[PDB]
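**Q** Right, I'll just put the structure down here and ask away after.
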Amino acid sequence: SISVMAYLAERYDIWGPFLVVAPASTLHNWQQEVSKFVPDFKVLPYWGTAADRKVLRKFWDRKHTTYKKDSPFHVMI
DNA sequence: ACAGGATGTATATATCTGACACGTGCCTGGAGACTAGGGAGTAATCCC
């Protein structure tokens with residue numbers, strides 16, 4: 001799946017809004033998988049408080065419509 | 001009025017979040033020992 005995202009990210013240069021969703025036990029290992037294989041392009045999780053949700057989604061929620069985001073954050077996990 | 005398929009219930013598990021709860025670093029106001037000025041206690045006494 002990460003290979004699919006990387007291929008259609010930087011062969012066809014749309015490095016994309018990425019949205020991986022899974023059970024909430026595995027996601028730290030998913031963070032480690034992202035951290036191994038593509039820290040070249042970045043990632044952003046959510047775990048905790050609803051206030052933490054509200055503050056983190058401000059530095060998440062799409063910020064820019066046109067290109068993809070021209071982002072410092074493009075993988076919601 | 002009866003048949004059929006919807007929703008409802010039941011017993012047992014599971015995950016995941018919310019609004020509480022408890023736990024700890026650390027300042028400053030309370031406690032202790034002290035003196036001495038003095039308001040208060042107290043006997044005395046005029047007299048309303």
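Residue names in the structure tokens use chain letters A, B, ... in the order shown, residue numbers from 1 in each chain, and ligand numbers from 1 in the order shown.
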Tell me the residues of chain B close to chain A, meaning within 9 Å using only C-alpha atoms (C1' of nucleotides), as a ChimeraX atom specification.

**A** /B:15-17

**Q** Per DSSP on the backbone, filter chain A down to the residues in helix (DSSP H, G or I) and report them as a list in words.

**A**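 Taking chain A and keeping helix (DSSP H, G or I) only, one gets residues 2, 3, 4, 5, 6, 7, 8, 9, 10, 27, 28, 29, 30, 31, 32, 33, 34, 35, 36, 37, 50, 51, 52, 53, 54, 55, 56, 57 and 58 of chain A.
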
**Q** For the selection you just gave me, I'd like the residues written to a file as a PDB file, in the first residue's frame, keeping N, CA and C atoms.

**A**
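Everything below was put into again_5.pdb:
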```
ATOM      1  N   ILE A   2       1.933   1.244   0.793  1.00  0.00           N
ATOM      2  CA  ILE A   2       2.883   2.350   0.787  1.00  0.00           C
ATOM      3  C   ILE A   2       3.576   2.454  -0.566  1.00  0.00           C
ATOM      4  N   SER A   3       3.797   1.317  -1.233  1.00  0.00           N
ATOM      5  CA  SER A   3       4.396   1.339  -2.562  1.00  0.00           C
ATOM      6  C   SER A   3       3.459   1.965  -3.583  1.00  0.00           C
ATOM      7  N   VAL A   4       2.158   1.675  -3.471  1.00  0.00           N
ATOM      8  CA  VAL A   4       1.153   2.302  -4.331  1.00  0.00           C
ATOM      9  C   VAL A   4       1.165   3.811  -4.145  1.00  0.00           C
ATOM     10  N   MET A   5       1.169   4.248  -2.881  1.00  0.00           N
ATOM     11  CA  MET A   5       1.171   5.677  -2.591  1.00  0.00           C
ATOM     12  C   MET A   5       2.437   6.350  -3.096  1.00  0.00           C
ATOM     13  N   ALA A   6       3.588   5.693  -2.953  1.00  0.00           N
ATOM     14  CA  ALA A   6       4.842   6.291  -3.403  1.00  0.00           C
ATOM     15  C   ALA A   6       4.936   6.326  -4.924  1.00  0.00           C
ATOM     16  N   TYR A   7       4.444   5.277  -5.590  1.00  0.00           N
ATOM     17  CA  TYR A   7       4.510   5.210  -7.044  1.00  0.00           C
ATOM     18  C   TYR A   7       3.632   6.274  -7.672  1.00  0.00           C
ATOM     19  N   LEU A   8       2.357   6.303  -7.312  1.00  0.00           N
ATOM     20  CA  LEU A   8       1.487   7.328  -7.865  1.00  0.00           C
ATOM     21  C   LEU A   8       1.608   8.648  -7.123  1.00  0.00           C
ATOM     22  N   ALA A   9       2.552   8.744  -6.191  1.00  0.00           N
ATOM     23  CA  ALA A   9       2.972   9.994  -5.600  1.00  0.00           C
ATOM     24  C   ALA A   9       4.055  10.674  -6.421  1.00  0.00           C
ATOM     25  N   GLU A  10       5.101   9.933  -6.803  1.00  0.00           N
ATOM     26  CA  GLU A  10       6.264  10.576  -7.403  1.00  0.00           C
ATOM     27  C   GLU A  10       6.706   9.971  -8.730  1.00  0.00           C
ATOM     28  N   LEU A  27      -1.847   1.170  14.798  1.00  0.00           N
ATOM     29  CA  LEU A  27      -1.463   2.417  14.160  1.00  0.00           C
ATOM     30  C   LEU A  27      -0.098   2.925  14.587  1.00  0.00           C
ATOM     31  N   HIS A  28       0.375   2.557  15.775  1.00  0.00           N
ATOM     32  CA  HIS A  28       1.730   2.931  16.160  1.00  0.00           C
ATOM     33  C   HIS A  28       2.758   2.145  15.359  1.00  0.00           C
ATOM     34  N   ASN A  29       2.467   0.873  15.087  1.00  0.00           N
ATOM     35  CA  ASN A  29       3.328   0.103  14.203  1.00  0.00           C
ATOM     36  C   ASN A  29       3.258   0.635  12.779  1.00  0.00           C
ATOM     37  N   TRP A  30       2.093   1.141  12.372  1.00  0.00           N
ATOM     38  CA  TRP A  30       1.966   1.815  11.085  1.00  0.00           C
ATOM     39  C   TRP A  30       2.811   3.079  11.023  1.00  0.00           C
ATOM     40  N   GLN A  31       2.839   3.843  12.121  1.00  0.00           N
ATOM     41  CA  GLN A  31       3.734   4.990  12.235  1.00  0.00           C
ATOM     42  C   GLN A  31       5.177   4.574  12.058  1.00  0.00           C
ATOM     43  N   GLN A  32       5.559   3.464  12.686  1.00  0.00           N
ATOM     44  CA  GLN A  32       6.916   2.957  12.532  1.00  0.00           C
ATOM     45  C   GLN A  32       7.196   2.511  11.105  1.00  0.00           C
ATOM     46  N   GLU A  33       6.198   1.950  10.422  1.00  0.00           N
ATOM     47  CA  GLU A  33       6.386   1.539   9.033  1.00  0.00           C
ATOM     48  C   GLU A  33       6.581   2.740   8.120  1.00  0.00           C
ATOM     49  N   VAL A  34       5.773   3.782   8.328  1.00  0.00           N
ATOM     50  CA  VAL A  34       5.947   5.037   7.605  1.00  0.00           C
ATOM     51  C   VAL A  34       7.311   5.636   7.915  1.00  0.00           C
ATOM     52  N   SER A  35       7.704   5.589   9.189  1.00  0.00           N
ATOM     53  CA  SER A  35       8.960   6.180   9.633  1.00  0.00           C
ATOM     54  C   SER A  35      10.160   5.440   9.058  1.00  0.00           C
ATOM     55  N   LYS A  36      10.008   4.141   8.803  1.00  0.00           N
ATOM     56  CA  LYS A  36      11.055   3.400   8.113  1.00  0.00           C
ATOM     57  C   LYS A  36      11.099   3.761   6.638  1.00  0.00           C
ATOM     58  N   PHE A  37       9.978   3.600   5.946  1.00  0.00           N
ATOM     59  CA  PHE A  37      10.055   3.461   4.499  1.00  0.00           C
ATOM     60  C   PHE A  37       9.771   4.741   3.736  1.00  0.00           C
ATOM     61  N   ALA A  50     -10.257  15.199  22.517  1.00  0.00           N
ATOM     62  CA  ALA A  50     -11.070  15.913  21.541  1.00  0.00           C
ATOM     63  C   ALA A  50     -10.611  17.356  21.379  1.00  0.00           C
ATOM     64  N   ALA A  51     -10.114  17.977  22.450  1.00  0.00           N
ATOM     65  CA  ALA A  51      -9.469  19.276  22.300  1.00  0.00           C
ATOM     66  C   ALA A  51      -8.179  19.144  21.508  1.00  0.00           C
ATOM     67  N   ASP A  52      -7.458  18.044  21.722  1.00  0.00           N
ATOM     68  CA  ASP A  52      -6.286  17.750  20.910  1.00  0.00           C
ATOM     69  C   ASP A  52      -6.670  17.492  19.462  1.00  0.00           C
ATOM     70  N   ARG A  53      -7.814  16.835  19.242  1.00  0.00           N
ATOM     71  CA  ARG A  53      -8.351  16.672  17.894  1.00  0.00           C
ATOM     72  C   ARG A  53      -8.619  18.018  17.246  1.00  0.00           C
ATOM     73  N   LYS A  54      -9.266  18.920  17.986  1.00  0.00           N
ATOM     74  CA  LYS A  54      -9.643  20.223  17.456  1.00  0.00           C
ATOM     75  C   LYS A  54      -8.429  21.084  17.153  1.00  0.00           C
ATOM     76  N   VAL A  55      -7.372  20.968  17.951  1.00  0.00           N
ATOM     77  CA  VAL A  55      -6.203  21.783  17.657  1.00  0.00           C
ATOM     78  C   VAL A  55      -5.372  21.147  16.547  1.00  0.00           C
ATOM     79  N   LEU A  56      -5.357  19.815  16.447  1.00  0.00           N
ATOM     80  CA  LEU A  56      -4.529  19.196  15.426  1.00  0.00           C
ATOM     81  C   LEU A  56      -5.180  19.250  14.060  1.00  0.00           C
ATOM     82  N   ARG A  57      -6.512  19.218  14.007  1.00  0.00           N
ATOM     83  CA  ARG A  57      -7.193  19.311  12.726  1.00  0.00           C
ATOM     84  C   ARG A  57      -7.057  20.690  12.111  1.00  0.00           C
ATOM     85  N   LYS A  58      -6.722  21.703  12.913  1.00  0.00           N
ATOM     86  CA  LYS A  58      -6.459  23.012  12.345  1.00  0.00           C
ATOM     87  C   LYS A  58      -5.205  22.996  11.490  1.00  0.00           C
TER      88      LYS A  58
END
```

**Q** Can you tell me how far CA of residue 21 in chain A sits from CA of residue 70 in chain A, in Å to one decimal?

**A** 22.3 Å

**Q** Show which residues sit within 10 Å of residue 71 in chain A, as a count of residues only. Count only C-alpha atoms (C1' of nucleotides), and ignore same-chain residues fewer than 6 positions away.

**A** 9

**Q** In chain A, what's strand (DSSP E) per DSSP? Answer as a ChimeraX atom specification?

**A** /A:18-19,75-76

**Q** For the selection you just gave me, I'd like the residues written to a file as a CSV table (one decimal), in the first residue's frame, keeping C-alpha atoms.

**A**
```
chain,number,residue,atom,x,y,z
A,18,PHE,CA,-3.4,10.2,1.9
A,19,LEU,CA,-5.9,8.7,4.4
A,75,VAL,CA,-0.9,11.5,5.4
A,76,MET,CA,-3.7,11.2,7.9
```
